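Input: a single structure, listed below in structure tokens.
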Amino acid sequence: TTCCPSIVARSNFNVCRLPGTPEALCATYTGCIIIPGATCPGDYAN
């Protein structure tokens, strides 16, 4: 599951993913994170 720290960070993550870029590279590029669970914490609410 991906969790993003702000709305802008999530919009940038979605554009990063359009050509197929792996999630791990889009995560360090945007500040979003990847967790094994399904429940994002409150400071990664977007």
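Every residue, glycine as well, gets a Cβ built from its backbone with ideal geometry; the counts of neighbours run over all protein chains shown. Just so you know, all these numbers are worked out from the coordinates, no wet-lab data involved.
Descriptive notes on the structure:
- Added length on full extension, which subtracts the Cα-Cα distance from 0.36 nm per residue, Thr1 to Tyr29: 8.4 nm
- Folded to 0 to 90 degrees: helix 7-17 orientation relative to the chain principal axis, Cα: 40 degrees
- Relative protection proxy for 9-16, 37-44, from highest mean packing down: 9-16, 37-44 (other beta-carbon atoms within 10 angstrom).
- Based on Cα contacts under 8 Å between residues 6+ apart, the chain shows a relative contact order of 60 percent.
- Ratio Rg/Rh, restricted to the chain and using Cα atoms, in which Rh is the Kirkwood radius: 0.94
- Computed helical MRE - 222 nm, the chain, DSSP H runs ≥ 4 contributing -39500 (n - 2.57), nearest 500: -12000 deg cm²/dmol
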